[PDB]
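Accompanying notes for the structure given below.
There are 2 protein chains.
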Amino acid sequence: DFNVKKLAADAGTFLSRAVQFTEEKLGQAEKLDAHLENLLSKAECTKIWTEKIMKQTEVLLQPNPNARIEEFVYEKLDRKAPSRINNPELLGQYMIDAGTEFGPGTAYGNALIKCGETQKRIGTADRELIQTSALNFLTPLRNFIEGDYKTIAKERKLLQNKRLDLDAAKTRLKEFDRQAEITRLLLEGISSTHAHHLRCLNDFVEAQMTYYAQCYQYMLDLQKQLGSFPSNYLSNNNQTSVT
Amino acid sequence: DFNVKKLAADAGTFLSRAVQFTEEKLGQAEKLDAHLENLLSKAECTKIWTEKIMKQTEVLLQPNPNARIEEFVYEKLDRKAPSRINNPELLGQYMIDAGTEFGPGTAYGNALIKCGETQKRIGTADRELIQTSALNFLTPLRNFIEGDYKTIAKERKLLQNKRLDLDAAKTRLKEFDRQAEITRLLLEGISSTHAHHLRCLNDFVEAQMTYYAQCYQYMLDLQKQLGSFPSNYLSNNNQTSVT
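Below, the structure is given as structure tokens:
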């Protein structure tokens, strides 16, 4: 009865320390009073959070910092680059050829090109889905990464550089005021004036959302375009079908 | 003016013969009169069409016979194998940790876990999407591949085997009737009695379709759960926001 005791005694420490082992892709700022160290740590969480949503919409598997390495490389122009081909275009690309190869004297000939044009028009919607996820969700946050975030990192880097310079200036008894003011104004801008990312998430969920209803209400029309075999080919003299 | 003539003269043959170069993964049956050779060729198109829809729903890129090689390997049991993790589970898996790491004294604390639980409940819907595409669309057609299609290929193989045997029996002048009857009944079963795949496509489009409306009408609720900042935090004394 002592093994299952000692088995839970050194496993509680392993279960308690299972958090601080991963989820790191950048450095850490210099350890300032709690009014400024809390703003600097909140800036570090704001940096890791603003640079950890854009890894999520392009690939479909993002549980790891490999998607953050995929996010750290960035692209501004879309020139000489087409859309990525999706599942519904390839779900109808063969079926067009299968419908013109199978046979026209059969009720599948009024049926396979209906599903083929259905999949080929969900193909343009999924071509739109990769564009509305990359133009209003990937683009302005990336331009804010290479915009004022370099200015914020520059002002806090010169803050942490010249803080030790004024430590050298004040500790010998007998560039930090203006730099700390611009840095603290940037930190209070990215904490208090945070009306930049509520709209980004609230428009990203609408940009994902307004494709699902369109392709659903277009796939509802396939039962109307395909409803002739429970009404006209149901009464066929060759075979009966499902009503 | 003769170069652009000859350039469009040898290129018409290349544009006319751009079809018969690919799209082949099995063999061809033996070349029988047109009432039986047309049924045998229709059986070959029925075989390539029935064995070329199941390659399309699992992977998202199927323009080539590599998806047909992925389709030729088949799996019956789902034992000791979980669901594949999708995009919305991984779209909220970090955001739960980001919400409990960022800060609770801010209106994002009433906002990030809302989007996180939204993405985590689209995660179960995309966990359902890989199951309704693999259980009612991949499973019974695969059981029909290793079911009566082996019987159809066996009866037509013995047809093409003993047809030359009765050619040997009849051409020397001075097992094919019953085999040809069972084979022709199987070919007329897979041509005329074709009420097996209208329901499969008509239920595959409903199985894809009834996820889109559910996740759309669940993402419409995020504007209601997130509508408190255009009504209560809009009148906040720190900052105004968007209405």
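Those protein sequences? They're chains C and D, same order as listed. Numbered by the deposited numbering, the letters in the first sequence go through residues 5 to 35, 38 to 180, 201 to 269 in order. Numbered by the deposited numbering, the letters in the second sequence go through residues 5 to 35, 38 to 180, 201 to 269 in order. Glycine is no exception: its CB is placed at the ideal position from the N, C-alpha and C atoms.
Please name the residue, chosen from D:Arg74, D:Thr157 and D:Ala206, that lies closest to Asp171 (chain D) on a Cα-to-Cα basis. Looking up residue 171 (chain D) in the second sequence gives position 165. Among D:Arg74, D:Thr157 and D:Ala206, the Cα nearest to that of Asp171 (chain D) belongs to D:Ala206.
Using a Cβ-Cβ cutoff of less than 6 Å, which residues in the same chain neighbour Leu213 (chain D) once the five nearest sequence positions on both sides are dropped? Looking up residue 213 (chain D) in the second sequence gives position 187. Excluding residues within five positions, the ones whose Cβ falls inside 6 Å are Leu45 and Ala49.
Under 8 Å: do the stretch 144-155 of chain D and the stretch 107-123 of chain D share three or more Cβ pairs, one atom per stretch? no
Using a C-beta cutoff of 8 Å, does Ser254 (chain D) count as contacting chain C? Along the second sequence, one-based indexing puts residue 254 (chain D) at 228. Not one chain C Cβ lies under 8 Å of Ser254 (chain D).
Give the C-beta separation of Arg74 (chain C) and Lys58 (chain C) to the nearest angstrom, bearing in mind that I take them to be a contact with Cβ-Cβ under 8 Å. Position 68 of the first sequence, counted from the start, is the residue given in the question as residue 74 (chain C). Position 52 of the first sequence, counted from the start, is the residue given in the question as residue 58 (chain C). Correct: roughly 6 Å between the Cβ atoms.
Could you name the residues of the stretch 217-231 of chain C whose beta carbon sits closer than 9 Å to any beta carbon of chain D, in the order they occur along the chain? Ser217, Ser218, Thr219, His220, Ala221, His223, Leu224, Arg225, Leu227, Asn228, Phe230 and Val231
Check whether chain D comes within 8 Å of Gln24 (chain C), counting only Cβ atoms and requiring the distance to be less than that. Against the first sequence, residue 24 (chain C) aligns to sequence position 20. With 8 Å as the cut-off, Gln24 (chain C) does not count as an interface residue toward chain D.
Which residue wins for smallest C-alpha separation from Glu34 (chain D), given the options D:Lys168, D:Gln243 and D:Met101? By 1-based counting over the second sequence, the position of residue 34 (chain D) is 30. Taking only the C-alpha atoms, the option nearest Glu34 (chain D) is D:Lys168.
Sequence-distant residues of the same chain with beta carbon closer than 6 Å to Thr124 (chain C), five excluded per side: Here residue 124 (chain C) refers to the residue found at position 118 when the first sequence is read from its first residue. Sequence-distant partners of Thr124 (chain C) (beyond 5 residues in either direction) whose C-beta falls short of 6 Å from its own C-beta, in its chain, are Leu248.
Alpha helix (DSSP H) containing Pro94 (chain C): first to last residue? Taking the first sequence and counting its residues from 1, the one referred to as residue 94 (chain C) is at position 88. Taken as a continuous stretch (DSSP letters only), the alpha helix (DSSP H) holding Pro94 (chain C) covers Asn93 to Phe108.
Residue from C:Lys163, C:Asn93, C:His223 and C:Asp203 with nearest C-alpha to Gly31 (chain C): Along the first sequence, one-based indexing puts residue 31 (chain C) at 27. Measuring from the Cα of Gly31 (chain C), the nearest candidate turns out to be C:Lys163.
Taking the alpha-carbon positions, what's the residue 195 (chain C) to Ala15 (chain D) distance? Coordinates for residue 195 (chain C) are simply not present: the residues of chain C run from 180 and resume at 201.
As a quick exercise: from C:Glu161, C:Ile151 and C:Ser261, pick the residue whose alpha carbon is nearest that of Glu201 (chain C). As a working note, residue 201 (chain C) is residue 175 in the first sequence. It is C:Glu161 whose Cα lies nearest to the Cα of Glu201 (chain C).
Can you tell me where the alpha helix (DSSP H) holding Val231 (chain C) begins and where it ends? As a working mapping, residue 231 (chain C) is identified with position 205 in the first sequence. Start and end: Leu224 to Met245.
Identify, in the order they occur along the chain, each residue of the same chain with its Cβ nearer than 8 Å to the Cβ of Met60 (chain C), setting aside the five sequence neighbours on each side. Here residue 60 (chain C) refers to the residue found at position 54 when the first sequence is read from its first residue. The answer, listed in chain order, is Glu77, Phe143, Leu144, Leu147 and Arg148.
By how many angstroms is the C-alpha of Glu95 (chain C) removed from the C-alpha of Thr17 (chain D)? By 1-based counting over the second sequence, the position of residue 17 (chain D) is 13. By 1-based counting over the first sequence, the position of residue 95 (chain C) is 89. Roughly 28 Å between the two C-alpha positions.
For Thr63 (chain D) and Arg225 (chain D), the rounded distance between their alpha carbons: What you label residue 225 (chain D) is simply residue 199 of the second sequence in a count that begins at 1. What you label residue 63 (chain D) is simply residue 57 of the second sequence in a count that begins at 1. Distance between the alpha carbons of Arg225 (chain D) and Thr63 (chain D): 17 Å.
Assuming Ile119 (chain D) and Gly129 (chain D) form a contact by the criterion Cβ under 8 Å, report the distance between their Cβ atoms to the nearest whole angstrom. Walking along the second sequence from the start, residue 119 (chain D) turns up at place 113. Walking along the second sequence from the start, residue 129 (chain D) turns up at place 123. Contact doesn't hold; Cβ gap of about 14 Å is too wide.
Taking Cβ-Cβ distances shorter than 7 Å, what residues in chain D pair up with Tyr242 (chain C)? Your numbering for residue 242 (chain C) matches position 216 in the first sequence. By Cβ distance, chain D contributes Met235, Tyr238, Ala239 and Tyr242.
What residues in the stretch 126-153 of chain C bring their beta carbon closer than 7 Å to a beta carbon of chain D? none
Contact defined as beta carbons within less than 8 Å: I believe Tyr242 (chain C) pairs with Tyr242 (chain D). What is the distance between those atoms, to the nearest angstrom? Start at 1 with the first residue of the first sequence, and residue 242 (chain C) comes out as number 216. Start at 1 with the first residue of the second sequence, and residue 242 (chain D) comes out as number 216. Between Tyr242 (chain D) and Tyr242 (chain C) the Cβ distance is about 6 Å, and since that is below 8 Å, they are a contact.
Under 8 Å between beta-carbons, which chain D residues line up against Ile91 (chain C)? List them in chain order, please. Translated into the one-based positions of the first sequence, residue 91 (chain C) becomes position 85. The contacting residues are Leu67 and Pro69.
Comparing C-alpha positions only, which one of D:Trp55, D:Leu83, D:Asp39 and D:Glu134 sits nearest to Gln234 (chain D)? Taking the first residue of the second sequence as 1, we reach residue 234 (chain D) at position 208. The residue with the shortest Cα to Cα distance from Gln234 (chain D) is D:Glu134.
Below 8 Å on the Cβ atoms is my guess for residue 37 (chain C) versus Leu227 (chain D); work out the distance and round it to an integer in Å. Missing here is residue 37 (chain C): after 35, the next number in chain C is 38.
My guess is that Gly98 (chain C) and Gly122 (chain C) are in contact by the Cβ rule of under 8 Å, so how many angstroms apart are they, rounded? Counted from its first residue, the first sequence places residue 98 (chain C) at position 92. Counted from its first residue, the first sequence places residue 122 (chain C) at position 116. With a Cβ gap of about 4 Å, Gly98 (chain C) and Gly122 (chain C) count as contacting.
Residue interval of the alpha helix (DSSP H) (run including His41 (chain C)): Within the first sequence, numbered from 1, the residue matching residue 41 (chain C) stands at position 35. From DSSP, the alpha helix (DSSP H) with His41 (chain C) extends over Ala40 to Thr56.
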